[PDB]
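Visitor: Input: one structure, supplied below.
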Amino acid sequence: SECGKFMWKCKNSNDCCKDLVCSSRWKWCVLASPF
């Protein structure tokens, strides 16, 4: 199976594949921060 992606819309943080986080600000998963 496949997973989410960067700059890809998501309804939750579960859609995020890896190193990604659902950001309601951009309406899609964004590259997680170091902090």
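Each chain in the structure tokens gets a letter, A, B and so on, in the order shown; residues start at 1 in every chain, and ligands are counted from 1 in the order they appear.
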Identify, on the basis of only C-alpha atoms, every residue whose closest approach to range 13-16 of chain A does not exceed 7 Å; exclude the query and any residue fewer than 4 positions from it along the same chain; express the result as a list in words.
Guide: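 Residues near the query, excluding close chain neighbours: residues 3, 4, 5, 20, 21, 22 and 29 of chain A.
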Visitor: Once DSSP has gone over the backbone, tell me which residues of chain A are in strand (DSSP E or B), as a list in words.
Guide: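 Here are the strand (DSSP E or B) residues of chain A: residues 20, 21, 22, 23, 28, 29, 30 and 31 of chain A.
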Visitor: Hey, can you spit out that residue selection with C-alpha atoms as a tab-separated table (two decimals), in the first residue's frame?
Guide:
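Once everything was written out, this is part30.tsv:
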```tsv
chain	number	residue	atom	x	y	z
A	20	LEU	CA	5.11	14.84	7.83
A	21	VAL	CA	2.45	16.57	9.93
A	22	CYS	CA	-1.11	17.55	9.03
A	23	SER	CA	-1.16	21.36	9.04
A	28	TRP	CA	-2.07	19.77	3.92
A	29	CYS	CA	0.82	17.88	5.51
A	30	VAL	CA	4.02	19.89	5.96
A	31	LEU	CA	7.63	18.94	6.71
```
Visitor: Calculate how many Å separate CA of residue 9 in chain A from CA of residue 26 in chain A, rounding to one decimal.
Guide: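 If I compute the distance from CA of residue 9 in chain A to CA of residue 26 in chain A, I get 8.5 Å.
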